[PDB]
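S.K.: Whatever this is, show me its structure:
(one chain, ligands or ions: 1)
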Amino acid sequence: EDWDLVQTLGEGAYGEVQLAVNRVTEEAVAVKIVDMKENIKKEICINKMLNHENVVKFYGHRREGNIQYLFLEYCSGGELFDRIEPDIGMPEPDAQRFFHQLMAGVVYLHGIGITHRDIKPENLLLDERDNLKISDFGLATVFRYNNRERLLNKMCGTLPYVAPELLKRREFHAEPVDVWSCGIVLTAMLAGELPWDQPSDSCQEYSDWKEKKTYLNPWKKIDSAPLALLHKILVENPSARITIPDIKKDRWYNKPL
Ligand SMILES: CN(CCO)c1ncnc2oc(-c3ccccc3)c(-c3ccccc3)c12
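M.R.: Numbers count the residues shown, from 1 in each chain. Dropping the coordinates below:
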């Protein structure tokens, strides 16, 4: 149980992720390396609640002086982001499959009162069977406790995926915001492109979308069935926006491919 550090698998703010393999049992893991010179105690506290096949497995922590260590399931398939060919995307049947799994993961987190708050292709990893795994709970927080919803007010995430209500509202519900980001993801997957830099009335592309101008990119690359689902998800008003139970009833979602 001396995981030795075979190779860097990436970098970041915090620090890096190493491919730590055992040498006796040879069991691979991803290890997160975080120079504390928070946040870390919340991400662990959260990683400790999680158990699901579309959520990235948490194994342990190790304080070790100045550097925190997170032993997390290894995803040798890499990021969904690299399965998205620019300007093209991917085959509709692969996208549907990744959406299915993504929704199973999100349902699961929401079910236990947790919101991820930064859903994007970069944070969706793929194992060697290409199974989608939600990764990175550093922006993640509790929106439900003792069966009692708390609204959010900390603005965070990544702007091209963030829902309009969180740029414009003092406080807002957690669940629609993940719902929106999942639809920006789906768009990326079917088009190879992000529609806007941000969902704000000062962004031409976003104003073009609200005006149902879907003869522009990205939308013209998207077949009508998935596009009608995107019409229900990317609803500006978070109360009018589609919920996950209803996403699961939608025609494209249930289309055999
Ligand atoms: C990024 N985290 C930690 C979050 O769980 C990972 N976790 C668990 N397994 C993983 O496999 C990877 C990975 C897989 C293939 C190539 C490169 C990396 C990565 C990876 C991804 C990007 C950057 C850094 C690392 C990864």
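
S.K.: tell me which element residue 24 is part of?
M.R.: For residue 24, there is no host helix or strand (DSSP states H and E).

S.K.: Show me which residues of the stretch 101-250 of the chain sit near the ligand.
M.R.: 125, 135-136 (C-beta under 6 Å from any ligand atom). Yep, even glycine has a C-beta here, placed from its N, CA and C like the rest.

S.K.: of all these, which comes closest to residue 13?
M.R.: residue 136 (11.1 Å; C-beta to C-beta).

S.K.: so the closest one makes contact with residue 118?
M.R.: Yes. Assessed by C-beta atoms under 8 Å, residue 136 is found in contact with residue 118 at 7.0 Å.

S.K.: Can you show me the strands along the stretch 151-257 of the chain?
M.R.: Counting by DSSP state E, counting those that start in this stretch, the stretch 151-257 of the chain yields no residue ranges for strands.

S.K.: what do residue 136 and residue 118 both touch?
M.R.: Residues within reach of residue 136 and of residue 118 at once, by C-beta atoms under 8 Å, 6 or more residues apart in numbering: there are none.

S.K.: Would you pull up the residue in the stretch 1-150 of the chain closest to the ligand?
M.R.: Closest approach of the stretch 1-150 of the chain to the ligand (C-beta to the nearest ligand atom) occurs at residue 10, with a separation of 2.0 Å.

S.K.: In contact with that residue: list those residues for me.
M.R.: Residue 10 neighbours (C-beta under 8 Å, 6+ apart): 16-17.

S.K.: Is it in a helix, a strand, or coil?
M.R.: Following DSSP: H, G, I helix; E, B strand; the rest coil, the label given to residue 10 is strand.

S.K.: related to what we said a few turns ago, now, which of the residues of the stretch 101-250 of the chain next to the ligand lie within strands?
M.R.: Of the positions in these, residue 125 sit in strands, assigned by DSSP state E.

S.K.: most neighbours, which of the residues of the stretch 101-250 of the chain next to the ligand?
M.R.: Within those, residue 125 tops the neighbour count with 24 neighbours, counted by other C-beta atoms under 10 Å.

S.K.: From what I see, it and residue 78 are in contact.
M.R.: Yes. Counting by C-beta under 8 Å, residue 78 is a contact partner of residue 125 at 6.8 Å.

S.K.: where do the helices sit along the stretch 1-150 of the chain?
M.R.: 40-47, 92-111 (DSSP state H, counting those that start in this stretch).

S.K.: Switch the ones you listed over to TSV; also include mean neighbour count.
M.R.: As requested, these are arranged in TSV below (neighbours: other C-beta atoms under 10 Å):
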stretch	mean neighbour count
helix 40-47	17
helix 92-111	19
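
S.K.: what's around residue 153, how many residues?
M.R.: When neighbours are counted by other C-beta under 10 Å, residue 153 comes out with 10.

S.K.: Roughly how far does the closest residue in space to it that isn't next to it in sequence sit from residue 91?
M.R.: What sits nearest to residue 153 in space, not counting adjacent residues and going by C-beta to C-beta, 6 or more residues apart in numbering, is residue 171, at 4.8 Å. Distance of residue 171 to residue 91, given as C-beta to C-beta, to the nearest Å: 40 Å.

S.K.: same thing with residue 77?
M.R.: 16 Å.

S.K.: Who has more neighbours out of the two?
M.R.: Ranked by neighbour count (other C-beta under 10 Å), residue 77 and residue 91 place residue 77 first, with 17 against 12.
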